[PDB]
>>> print(open('data36.cif').read())   # mmCIF, C-alpha atoms and all ligand atoms
data_model
#
loop_
_atom_site.group_PDB
_atom_site.id
_atom_site.type_symbol
_atom_site.label_atom_id
_atom_site.label_comp_id
_atom_site.auth_asym_id
_atom_site.auth_seq_id
_atom_site.Cartn_x
_atom_site.Cartn_y
_atom_site.Cartn_z
ATOM 1 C CA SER A 1 -19.206 -6.732 -16.660
ATOM 2 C CA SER A 2 -22.479 -6.021 -14.850
ATOM 3 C CA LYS A 3 -24.898 -3.118 -15.245
ATOM 4 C CA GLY A 4 -24.283 -2.340 -11.554
ATOM 5 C CA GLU A 5 -20.576 -1.768 -12.178
ATOM 6 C CA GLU A 6 -21.610 1.346 -14.272
ATOM 7 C CA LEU A 7 -22.825 3.008 -11.043
ATOM 8 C CA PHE A 8 -19.262 3.123 -9.744
ATOM 9 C CA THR A 9 -17.395 4.967 -12.554
ATOM 10 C CA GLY A 10 -16.397 8.297 -10.860
ATOM 11 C CA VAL A 11 -16.519 9.271 -7.164
ATOM 12 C CA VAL A 12 -19.554 8.139 -5.098
ATOM 13 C CA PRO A 13 -20.663 9.536 -1.718
ATOM 14 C CA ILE A 14 -20.826 7.078 1.143
ATOM 15 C CA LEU A 15 -23.006 7.080 4.286
ATOM 16 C CA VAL A 16 -22.312 4.517 6.948
ATOM 17 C CA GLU A 17 -24.731 4.082 9.882
ATOM 18 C CA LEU A 18 -23.946 1.604 12.646
ATOM 19 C CA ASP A 19 -25.969 0.794 15.797
ATOM 20 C CA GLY A 20 -24.032 -1.354 18.236
ATOM 21 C CA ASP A 21 -24.557 -3.033 21.570
ATOM 22 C CA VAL A 22 -21.590 -4.821 23.130
ATOM 23 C CA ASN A 23 -22.187 -6.427 26.532
ATOM 24 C CA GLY A 24 -25.078 -3.940 26.984
ATOM 25 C CA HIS A 25 -22.848 -0.888 26.140
ATOM 26 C CA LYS A 26 -24.773 0.744 23.361
ATOM 27 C CA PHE A 27 -23.372 3.088 20.728
ATOM 28 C CA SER A 28 -23.899 4.618 17.303
ATOM 29 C CA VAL A 29 -21.369 5.510 14.602
ATOM 30 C CA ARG A 30 -21.986 7.618 11.486
ATOM 31 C CA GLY A 31 -19.443 7.604 8.610
ATOM 32 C CA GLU A 32 -19.324 10.204 5.828
ATOM 33 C CA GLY A 33 -17.045 10.317 2.785
ATOM 34 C CA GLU A 34 -16.492 8.932 -0.662
ATOM 35 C CA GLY A 35 -15.422 5.989 -2.726
ATOM 36 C CA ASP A 36 -13.493 5.720 -5.944
ATOM 37 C CA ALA A 37 -13.813 2.166 -7.247
ATOM 38 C CA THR A 38 -11.655 2.874 -10.321
ATOM 39 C CA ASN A 39 -8.724 3.246 -7.992
ATOM 40 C CA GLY A 40 -10.032 1.048 -5.128
ATOM 41 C CA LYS A 41 -9.912 4.023 -2.783
ATOM 42 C CA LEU A 42 -12.143 5.061 0.158
ATOM 43 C CA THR A 43 -11.937 8.256 2.230
ATOM 44 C CA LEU A 44 -14.197 8.286 5.344
ATOM 45 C CA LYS A 45 -14.532 9.972 8.737
ATOM 46 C CA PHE A 46 -16.532 8.163 11.352
ATOM 47 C CA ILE A 47 -17.981 9.833 14.473
ATOM 48 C CA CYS A 48 -19.378 8.148 17.551
ATOM 49 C CA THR A 49 -22.623 10.071 17.768
ATOM 50 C CA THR A 50 -23.515 8.685 21.251
ATOM 51 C CA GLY A 51 -20.309 10.153 22.697
ATOM 52 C CA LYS A 52 -17.601 7.782 23.953
ATOM 53 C CA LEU A 53 -17.016 4.650 21.849
ATOM 54 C CA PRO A 54 -17.012 1.721 24.283
ATOM 55 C CA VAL A 55 -14.822 -0.499 22.039
ATOM 56 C CA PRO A 56 -11.625 0.303 20.164
ATOM 57 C CA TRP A 57 -12.078 1.961 16.733
ATOM 58 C CA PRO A 58 -9.808 -0.615 14.999
ATOM 59 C CA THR A 59 -12.234 -3.411 15.983
ATOM 60 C CA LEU A 60 -14.974 -1.726 13.890
ATOM 61 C CA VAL A 61 -13.010 -1.107 10.614
ATOM 62 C CA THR A 62 -14.180 -4.249 8.893
ATOM 63 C CA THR A 63 -17.785 -3.748 9.842
ATOM 64 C CA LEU A 64 -17.869 -0.052 8.870
ATOM 65 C CA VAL A 68 -18.439 -1.346 1.369
ATOM 66 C CA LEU A 69 -16.515 -3.858 -0.679
ATOM 67 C CA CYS A 70 -18.300 -2.610 -3.791
ATOM 68 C CA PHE A 71 -15.476 0.015 -3.932
ATOM 69 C CA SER A 72 -12.840 -2.699 -4.449
ATOM 70 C CA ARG A 73 -10.813 -2.270 -7.627
ATOM 71 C CA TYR A 74 -11.324 -5.395 -9.808
ATOM 72 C CA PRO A 75 -8.688 -5.528 -12.569
ATOM 73 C CA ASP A 76 -10.104 -5.719 -16.073
ATOM 74 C CA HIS A 77 -9.627 -9.475 -16.414
ATOM 75 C CA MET A 78 -11.392 -10.108 -13.032
ATOM 76 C CA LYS A 79 -14.441 -7.801 -13.526
ATOM 77 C CA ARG A 80 -16.611 -10.777 -14.453
ATOM 78 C CA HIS A 81 -16.145 -11.893 -10.847
ATOM 79 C CA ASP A 82 -17.275 -8.673 -9.093
ATOM 80 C CA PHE A 83 -20.333 -9.737 -7.054
ATOM 81 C CA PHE A 84 -20.516 -6.593 -4.957
ATOM 82 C CA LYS A 85 -21.136 -4.090 -7.789
ATOM 83 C CA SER A 86 -23.353 -6.529 -9.720
ATOM 84 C CA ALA A 87 -25.863 -6.559 -6.815
ATOM 85 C CA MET A 88 -26.370 -2.767 -7.154
ATOM 86 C CA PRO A 89 -28.413 -0.652 -7.056
ATOM 87 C CA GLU A 90 -30.793 -2.875 -5.022
ATOM 88 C CA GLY A 91 -27.807 -3.946 -2.993
ATOM 89 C CA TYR A 92 -26.699 -6.813 -0.742
ATOM 90 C CA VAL A 93 -26.893 -8.071 2.820
ATOM 91 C CA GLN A 94 -23.579 -8.582 4.554
ATOM 92 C CA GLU A 95 -23.362 -10.679 7.723
ATOM 93 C CA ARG A 96 -20.369 -11.539 9.859
ATOM 94 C CA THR A 97 -19.414 -13.371 12.980
ATOM 95 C CA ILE A 98 -16.165 -11.906 14.333
ATOM 96 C CA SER A 99 -14.658 -14.114 17.031
ATOM 97 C CA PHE A 100 -12.078 -12.416 19.252
ATOM 98 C CA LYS A 101 -9.687 -15.067 20.498
ATOM 99 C CA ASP A 102 -10.033 -15.496 24.282
ATOM 100 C CA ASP A 103 -12.755 -12.806 24.354
ATOM 101 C CA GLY A 104 -16.171 -12.045 22.923
ATOM 102 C CA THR A 105 -17.891 -12.201 19.545
ATOM 103 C CA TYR A 106 -19.488 -9.553 17.296
ATOM 104 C CA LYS A 107 -22.410 -10.551 15.114
ATOM 105 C CA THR A 108 -23.168 -8.042 12.403
ATOM 106 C CA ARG A 109 -25.905 -7.627 9.789
ATOM 107 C CA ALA A 110 -25.679 -4.858 7.207
ATOM 108 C CA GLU A 111 -27.567 -3.666 4.146
ATOM 109 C CA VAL A 112 -25.424 -2.014 1.453
ATOM 110 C CA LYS A 113 -27.406 -0.307 -1.310
ATOM 111 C CA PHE A 114 -27.767 2.993 -3.121
ATOM 112 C CA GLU A 115 -30.158 5.623 -1.791
ATOM 113 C CA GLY A 116 -30.253 8.054 -4.646
ATOM 114 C CA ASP A 117 -26.656 8.578 -5.755
ATOM 115 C CA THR A 118 -25.285 7.829 -2.263
ATOM 116 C CA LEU A 119 -24.045 4.336 -1.347
ATOM 117 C CA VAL A 120 -25.337 3.573 2.128
ATOM 118 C CA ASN A 121 -24.095 0.890 4.558
ATOM 119 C CA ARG A 122 -26.597 0.429 7.440
ATOM 120 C CA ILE A 123 -25.398 -1.960 10.112
ATOM 121 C CA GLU A 124 -26.618 -3.620 13.338
ATOM 122 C CA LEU A 125 -23.876 -5.047 15.589
ATOM 123 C CA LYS A 126 -24.352 -7.172 18.717
ATOM 124 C CA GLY A 127 -21.412 -8.267 20.823
ATOM 125 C CA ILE A 128 -21.625 -10.748 23.667
ATOM 126 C CA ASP A 129 -19.270 -12.532 26.018
ATOM 127 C CA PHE A 130 -16.692 -9.822 26.251
ATOM 128 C CA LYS A 131 -14.404 -9.469 29.261
ATOM 129 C CA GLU A 132 -14.940 -6.039 30.952
ATOM 130 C CA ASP A 133 -11.170 -5.945 31.635
ATOM 131 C CA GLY A 134 -10.151 -7.511 28.329
ATOM 132 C CA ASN A 135 -8.421 -5.999 25.321
ATOM 133 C CA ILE A 136 -11.669 -4.761 23.742
ATOM 134 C CA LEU A 137 -13.794 -3.379 26.565
ATOM 135 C CA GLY A 138 -10.606 -2.335 28.393
ATOM 136 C CA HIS A 139 -9.328 -0.305 25.347
ATOM 137 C CA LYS A 140 -5.927 -2.014 25.133
ATOM 138 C CA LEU A 141 -5.558 -2.033 21.380
ATOM 139 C CA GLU A 142 -3.235 0.289 19.474
ATOM 140 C CA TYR A 143 -4.844 2.812 17.061
ATOM 141 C CA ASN A 144 -3.602 1.291 13.802
ATOM 142 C CA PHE A 145 -4.669 -1.401 11.317
ATOM 143 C CA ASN A 146 -2.451 -3.730 9.292
ATOM 144 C CA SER A 147 -2.849 -4.877 5.678
ATOM 145 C CA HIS A 148 -4.938 -7.948 5.131
ATOM 146 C CA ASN A 149 -6.013 -10.617 2.610
ATOM 147 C CA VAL A 150 -9.731 -11.487 2.385
ATOM 148 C CA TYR A 151 -10.558 -14.828 0.744
ATOM 149 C CA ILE A 152 -13.752 -14.806 -1.349
ATOM 150 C CA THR A 153 -15.695 -17.792 -2.526
ATOM 151 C CA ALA A 154 -19.025 -18.218 -4.246
ATOM 152 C CA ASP A 155 -22.028 -19.467 -2.269
ATOM 153 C CA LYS A 156 -24.003 -20.982 -5.138
ATOM 154 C CA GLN A 157 -27.090 -21.974 -3.019
ATOM 155 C CA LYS A 158 -27.618 -18.381 -1.812
ATOM 156 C CA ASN A 159 -26.413 -16.782 -5.073
ATOM 157 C CA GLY A 160 -23.853 -14.715 -3.146
ATOM 158 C CA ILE A 161 -20.471 -15.165 -1.493
ATOM 159 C CA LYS A 162 -18.674 -16.212 1.633
ATOM 160 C CA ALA A 163 -15.416 -14.771 2.885
ATOM 161 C CA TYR A 164 -12.842 -15.864 5.455
ATOM 162 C CA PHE A 165 -10.006 -13.835 6.980
ATOM 163 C CA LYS A 166 -8.108 -12.982 10.126
ATOM 164 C CA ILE A 167 -7.330 -9.643 11.621
ATOM 165 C CA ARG A 168 -4.507 -9.322 14.144
ATOM 166 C CA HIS A 169 -4.924 -6.205 16.275
ATOM 167 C CA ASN A 170 -1.761 -4.969 18.077
ATOM 168 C CA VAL A 171 -2.161 -4.803 21.846
ATOM 169 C CA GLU A 172 -0.490 -2.082 23.964
ATOM 170 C CA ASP A 173 1.608 -4.632 25.840
ATOM 171 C CA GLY A 174 3.160 -5.998 22.635
ATOM 172 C CA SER A 175 0.838 -8.976 22.175
ATOM 173 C CA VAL A 176 -1.635 -9.569 19.324
ATOM 174 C CA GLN A 177 -5.454 -9.933 19.543
ATOM 175 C CA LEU A 178 -6.848 -12.194 16.873
ATOM 176 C CA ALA A 179 -10.254 -11.548 15.324
ATOM 177 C CA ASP A 180 -11.470 -14.382 13.079
ATOM 178 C CA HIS A 181 -13.919 -13.201 10.456
ATOM 179 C CA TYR A 182 -16.644 -15.295 8.879
ATOM 180 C CA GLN A 183 -18.731 -13.483 6.314
ATOM 181 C CA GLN A 184 -21.752 -14.125 4.114
ATOM 182 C CA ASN A 185 -23.284 -11.813 1.471
ATOM 183 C CA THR A 186 -26.560 -12.321 -0.444
ATOM 184 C CA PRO A 187 -28.229 -10.031 -2.918
ATOM 185 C CA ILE A 188 -31.324 -7.965 -1.964
ATOM 186 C CA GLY A 189 -32.783 -7.826 -5.488
ATOM 187 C CA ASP A 190 -34.198 -10.587 -7.685
ATOM 188 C CA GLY A 191 -32.093 -9.862 -10.769
ATOM 189 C CA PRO A 192 -28.972 -11.624 -12.003
ATOM 190 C CA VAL A 193 -25.667 -11.180 -10.233
ATOM 191 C CA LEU A 194 -22.067 -12.231 -10.859
ATOM 192 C CA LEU A 195 -20.773 -15.092 -8.809
ATOM 193 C CA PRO A 196 -16.993 -15.090 -8.426
ATOM 194 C CA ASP A 197 -14.347 -17.762 -8.702
ATOM 195 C CA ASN A 198 -12.272 -17.913 -5.541
ATOM 196 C CA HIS A 199 -10.026 -14.908 -5.150
ATOM 197 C CA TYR A 200 -8.486 -12.473 -2.702
ATOM 198 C CA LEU A 201 -9.084 -8.845 -1.805
ATOM 199 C CA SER A 202 -5.837 -7.193 -0.811
ATOM 200 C CA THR A 203 -6.401 -4.349 1.664
ATOM 201 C CA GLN A 204 -4.414 -1.407 3.035
ATOM 202 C CA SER A 205 -5.740 0.968 5.680
ATOM 203 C CA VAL A 206 -4.460 4.203 7.315
ATOM 204 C CA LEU A 207 -6.124 5.346 10.535
ATOM 205 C CA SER A 208 -5.837 8.940 11.700
ATOM 206 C CA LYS A 209 -7.545 11.832 13.504
ATOM 207 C CA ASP A 210 -9.047 15.094 12.310
ATOM 208 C CA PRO A 211 -7.365 17.663 14.555
ATOM 209 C CA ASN A 212 -10.395 20.003 14.588
ATOM 210 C CA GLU A 213 -12.900 17.232 15.352
ATOM 211 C CA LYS A 214 -13.920 17.422 19.055
ATOM 212 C CA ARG A 215 -16.036 14.247 18.948
ATOM 213 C CA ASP A 216 -14.736 10.675 19.387
ATOM 214 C CA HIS A 217 -13.879 9.659 15.819
ATOM 215 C CA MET A 218 -11.752 7.862 13.311
ATOM 216 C CA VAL A 219 -10.469 9.051 9.878
ATOM 217 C CA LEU A 220 -9.887 6.097 7.584
ATOM 218 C CA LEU A 221 -8.103 5.883 4.235
ATOM 219 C CA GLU A 222 -8.550 2.464 2.611
ATOM 220 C CA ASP A 223 -7.248 0.819 -0.585
ATOM 221 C CA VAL A 224 -8.740 -2.416 -1.781
ATOM 222 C CA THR A 225 -7.748 -4.427 -4.869
ATOM 223 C CA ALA A 226 -8.827 -7.862 -6.027
ATOM 224 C CA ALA A 227 -6.010 -10.352 -6.663
ATOM 225 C CA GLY A 228 -5.770 -13.862 -8.108
ATOM 226 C CA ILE A 229 -5.646 -17.108 -6.171
ATOM 227 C CA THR A 230 -1.934 -18.018 -6.474
ATOM 228 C CA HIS A 231 -0.222 -15.065 -4.726
ATOM 229 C CA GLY A 232 -3.085 -13.177 -3.043
ATOM 230 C CA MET A 233 -2.357 -14.697 0.451
ATOM 231 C CA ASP A 234 1.125 -13.177 0.713
HETATM 232 CL CL CL B 301 -9.553 3.429 19.648
#
>>> encode(input="data36.cif", output="structure tokens")
Amino acid sequence: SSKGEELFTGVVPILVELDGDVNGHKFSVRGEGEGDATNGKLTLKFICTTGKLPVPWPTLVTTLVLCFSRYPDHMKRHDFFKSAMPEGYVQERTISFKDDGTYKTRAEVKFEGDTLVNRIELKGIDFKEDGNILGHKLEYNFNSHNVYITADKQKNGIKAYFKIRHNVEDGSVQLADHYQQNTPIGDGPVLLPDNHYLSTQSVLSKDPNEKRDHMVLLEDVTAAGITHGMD
């Protein structure tokens, strides 16, 4: 157990702030809600504060707080994300969309007061203007995934590897290959994990009285051991 884990005991407010620029189409997203790490549960509504989101909402789910993952008792000694709190961690990804562009993201995840804040910069390049992403051809849904986590001893953080398959409106799938690196912001000790999985489940919806372009997300995330965590 870490000291940082103690910050997660009950329900914690979350603020997510994302500035994006994909093929020169700029946007901002703000997320508001709460996290319950005991149960591995997140409740968030995200609004595009610049008006129309120029990419599909499902392509931003992974970018838009793994510190709310439920680590079973016997895996708590492997929970990097909470151990890095309150000072927090940097999270970087390259997300490669098969036969289309790439997103590069850099986020800082830390507490500000009693709120957990995820502040992200996203830059996408090499997208097709007519493709599945800039052409909004993806279905509004998000399937369950398995994130593979490994220690990065030299950086005293973690790497993660996973694939997201987004359903396309014509019945095809759009792959998005995720490469991820996390490093702590503070100088204090953290917990480095053995290899494991995070098992994820996500429900996307709309708030019927919300006029702005938005996404309501319910997410469940639980850590799982190495033998069966792939499915
Ligand atoms: Cl969408």
>>> atom_distance(input="data36.cif", atom1="CA of residue 221 (chain A)", atom2="CA of residue 6 (chain A)")
23.4 Å
>>> atom_distance(input="data36.cif", atom1="CA of residue 28 (chain A)", atom2="CA of residue 126 (chain A)")
11.9 Å
>>> atom_distance(input="data36.cif", atom1="CA of residue 96 (chain A)", atom2="CA of residue 63 (chain A)")
8.2 Å
>>> closest_atom_pairs(input="data36.cif", of="chain A", to="ligand CL 301 (chain B)", cutoff="6 Å", atoms="only C-alpha atoms and all ligand atoms", output="JSON lines")
{"residue": "A:56", "atom": "CA", "partner": "B:CL301", "partner_atom": "CL", "distance": 3.8}
{"residue": "A:57", "atom": "CA", "partner": "B:CL301", "partner_atom": "CL", "distance": 4.1}
{"residue": "A:143", "atom": "CA", "partner": "B:CL301", "partner_atom": "CL", "distance": 5.4}
>>> closest_residue(input="data36.cif", among="A:155, A:111, A:95, A:102", to="residue 197 (chain A)", atoms="all atoms listed in the file")
A:155
>>> closest_atom_pairs(input="data36.cif", of="region 202-225 of chain A", to="region 29-47 of chain A", cutoff="8 Å", atoms="only C-alpha atoms", output="tab-separated table")
residue	atom	partner	partner_atom	distance
A:215	CA	A:47	CA	6.6
A:216	CA	A:47	CA	5.9
A:217	CA	A:47	CA	4.3
A:218	CA	A:46	CA	5.2
A:219	CA	A:45	CA	4.3
A:220	CA	A:44	CA	5.3
A:221	CA	A:43	CA	4.9
A:222	CA	A:42	CA	5.1
A:223	CA	A:41	CA	4.7
A:224	CA	A:40	CA	5.0
A:225	CA	A:40	CA	5.9
>>> resolve_selection(input="data36.cif", expression="the PyMOL selection byres (((chain A and resi 20-25) around 7) and not hetatm)", output="short mmCIF file (atom, residue, chain, number, x, y, z; two decimals) with C-alpha atoms, in the coordinates of the input")
data_model
loop_
_atom_site.label_atom_id
_atom_site.label_comp_id
_atom_site.auth_asym_id
_atom_site.auth_seq_id
_atom_site.Cartn_x
_atom_site.Cartn_y
_atom_site.Cartn_z
CA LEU A 18 -23.95 1.60 12.65
CA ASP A 19 -25.97 0.79 15.80
CA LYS A 26 -24.77 0.74 23.36
CA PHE A 27 -23.37 3.09 20.73
CA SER A 28 -23.90 4.62 17.30
CA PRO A 54 -17.01 1.72 24.28
CA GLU A 124 -26.62 -3.62 13.34
CA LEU A 125 -23.88 -5.05 15.59
CA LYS A 126 -24.35 -7.17 18.72
CA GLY A 127 -21.41 -8.27 20.82
CA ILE A 128 -21.62 -10.75 23.67
CA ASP A 129 -19.27 -12.53 26.02
CA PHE A 130 -16.69 -9.82 26.25
#
>>> residues_around(input="data36.cif", residues="residue 119 (chain A)", least_positions_apart="3", cutoff="10 Å", atoms="only C-alpha atoms", output="short mmCIF file (atom, residue, chain, number, x, y, z; two decimals) with C-alpha atoms, keeping the file's coordinate frame")
data_model
loop_
_atom_site.label_atom_id
_atom_site.label_comp_id
_atom_site.auth_asym_id
_atom_site.auth_seq_id
_atom_site.Cartn_x
_atom_site.Cartn_y
_atom_site.Cartn_z
CA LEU A 7 -22.82 3.01 -11.04
CA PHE A 8 -19.26 3.12 -9.74
CA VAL A 12 -19.55 8.14 -5.10
CA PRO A 13 -20.66 9.54 -1.72
CA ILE A 14 -20.83 7.08 1.14
CA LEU A 15 -23.01 7.08 4.29
CA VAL A 16 -22.31 4.52 6.95
CA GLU A 34 -16.49 8.93 -0.66
CA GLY A 35 -15.42 5.99 -2.73
CA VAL A 68 -18.44 -1.35 1.37
CA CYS A 70 -18.30 -2.61 -3.79
CA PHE A 71 -15.48 0.02 -3.93
CA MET A 88 -26.37 -2.77 -7.15
CA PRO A 89 -28.41 -0.65 -7.06
CA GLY A 91 -27.81 -3.95 -2.99
CA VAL A 112 -25.42 -2.01 1.45
CA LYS A 113 -27.41 -0.31 -1.31
CA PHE A 114 -27.77 2.99 -3.12
CA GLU A 115 -30.16 5.62 -1.79
CA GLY A 116 -30.25 8.05 -4.65
CA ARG A 122 -26.60 0.43 7.44
#
>>> residues_around(input="data36.cif", residues="residue 80 (chain A)", least_positions_apart="3", cutoff="12 Å", atoms="all atoms listed in the file", output="ChimeraX atom specification")
/A:1-5,74-77,83-86,193-197,226
>>> write_last_selection(input="data36.cif", atoms="C-alpha atoms", output="mmCIF file, keeping the file's coordinate frame")
data_model
loop_
_atom_site.group_PDB
_atom_site.id
_atom_site.type_symbol
_atom_site.label_atom_id
_atom_site.label_comp_id
_atom_site.auth_asym_id
_atom_site.auth_seq_id
_atom_site.Cartn_x
_atom_site.Cartn_y
_atom_site.Cartn_z
ATOM 1 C CA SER A 1 -19.206 -6.732 -16.660
ATOM 2 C CA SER A 2 -22.479 -6.021 -14.850
ATOM 3 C CA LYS A 3 -24.898 -3.118 -15.245
ATOM 4 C CA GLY A 4 -24.283 -2.340 -11.554
ATOM 5 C CA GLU A 5 -20.576 -1.768 -12.178
ATOM 6 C CA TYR A 74 -11.324 -5.395 -9.808
ATOM 7 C CA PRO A 75 -8.688 -5.528 -12.569
ATOM 8 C CA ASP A 76 -10.104 -5.719 -16.073
ATOM 9 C CA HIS A 77 -9.627 -9.475 -16.414
ATOM 10 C CA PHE A 83 -20.333 -9.737 -7.054
ATOM 11 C CA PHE A 84 -20.516 -6.593 -4.957
ATOM 12 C CA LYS A 85 -21.136 -4.090 -7.789
ATOM 13 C CA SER A 86 -23.353 -6.529 -9.720
ATOM 14 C CA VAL A 193 -25.667 -11.180 -10.233
ATOM 15 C CA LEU A 194 -22.067 -12.231 -10.859
ATOM 16 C CA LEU A 195 -20.773 -15.092 -8.809
ATOM 17 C CA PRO A 196 -16.993 -15.090 -8.426
ATOM 18 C CA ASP A 197 -14.347 -17.762 -8.702
ATOM 19 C CA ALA A 226 -8.827 -7.862 -6.027
#
>>> closest_residue(input="data36.cif", among="A:184, A:9, A:177, A:108", to="residue 134 (chain A)", atoms="all atoms listed in the file")
A:177
>>> resolve_selection(input="data36.cif", expression="the PyMOL selection byres (((chain A and resi 188) around 6) and not hetatm)", output="MDAnalysis selection string")
chainID A and resid 90:92 187 189
>>> residues_near_point(input="data36.cif", point="(-6.9, -9.3, 0.2)", cutoff="12 Å", atoms="all atoms listed in the file", output="PyMOL selection string")
chain A and resi 69+72-74+146-152+163-167+198-205+223-229+231-234
>>> resolve_selection(input="data36.cif", expression="the PyMOL selection byres (((chain A and resi 178) around 12) and not hetatm)", output="list in words")
residues 59, 98, 99, 100, 101, 102, 103, 104, 105, 135, 136, 141, 165, 166, 167, 168, 169, 170, 171, 175, 176, 177, 179, 180 and 181 of chain A
>>> closest_residue(input="data36.cif", among="A:117, A:87, A:207, A:174", to="residue 159 (chain A)", atoms="all atoms listed in the file")
A:87
>>> axis_aligned_box(input="data36.cif", around="region 97-100 of chain A", padding_each_side="8 Å", output="lines of an AutoDock Vina configuration file")
center_x = -15.7
center_y = -13.0
center_z = 16.1
size_x = 23.3
size_y = 18.2
size_z = 22.3
>>> decode(input="data36.cif", residues="region 150-198 of chain A", atoms="C-alpha atoms", output="short mmCIF file (atom, residue, chain, number, x, y, z; two decimals), in the first residue's frame")
data_model
loop_
_atom_site.label_atom_id
_atom_site.label_comp_id
_atom_site.auth_asym_id
_atom_site.auth_seq_id
_atom_site.Cartn_x
_atom_site.Cartn_y
_atom_site.Cartn_z
CA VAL A 150 -4.71 -2.76 -21.10
CA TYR A 151 -1.33 -4.43 -20.54
CA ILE A 152 0.86 -2.71 -17.92
CA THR A 153 4.55 -3.16 -17.43
CA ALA A 154 7.12 -1.43 -15.28
CA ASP A 155 9.59 1.00 -16.86
CA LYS A 156 12.39 0.70 -14.31
CA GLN A 157 14.68 3.37 -15.92
CA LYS A 158 11.97 6.06 -15.71
CA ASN A 159 10.48 4.74 -12.45
CA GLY A 160 7.04 4.52 -14.07
CA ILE A 161 5.15 2.27 -16.47
CA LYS A 162 4.44 1.49 -20.07
CA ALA A 163 1.18 0.16 -21.44
CA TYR A 164 0.14 -1.45 -24.72
CA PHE A 165 -3.38 -2.05 -26.04
CA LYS A 166 -5.65 -1.93 -29.05
CA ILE A 167 -8.98 -0.28 -29.47
CA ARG A 168 -11.28 -1.37 -32.29
CA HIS A 169 -13.83 1.33 -33.11
CA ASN A 170 -16.95 0.17 -35.03
CA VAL A 171 -17.41 1.95 -38.34
CA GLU A 172 -20.87 2.82 -39.73
CA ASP A 173 -20.38 0.58 -42.76
CA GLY A 174 -19.73 -2.50 -40.61
CA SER A 175 -15.93 -2.39 -40.69
CA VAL A 176 -13.57 -1.82 -37.74
CA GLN A 177 -11.05 1.04 -37.24
CA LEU A 178 -8.04 -0.02 -35.25
CA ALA A 179 -6.30 2.39 -32.88
CA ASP A 180 -3.00 1.06 -31.51
CA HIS A 181 -2.09 2.59 -28.18
CA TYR A 182 1.42 3.06 -26.85
CA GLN A 183 1.61 4.66 -23.44
CA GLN A 184 4.24 5.87 -20.98
CA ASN A 185 3.71 7.26 -17.46
CA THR A 186 6.34 8.84 -15.16
CA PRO A 187 5.89 10.39 -11.77
CA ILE A 188 5.94 14.20 -11.28
CA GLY A 189 7.22 14.11 -7.69
CA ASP A 190 10.58 12.99 -6.30
CA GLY A 191 9.22 10.58 -3.68
CA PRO A 192 8.95 6.80 -3.81
CA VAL A 193 6.38 5.12 -6.00
CA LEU A 194 5.17 1.55 -6.55
CA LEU A 195 6.37 -0.16 -9.67
CA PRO A 196 4.07 -2.95 -10.83
CA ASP A 197 4.66 -6.47 -12.04
CA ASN A 198 3.08 -6.99 -15.44
#
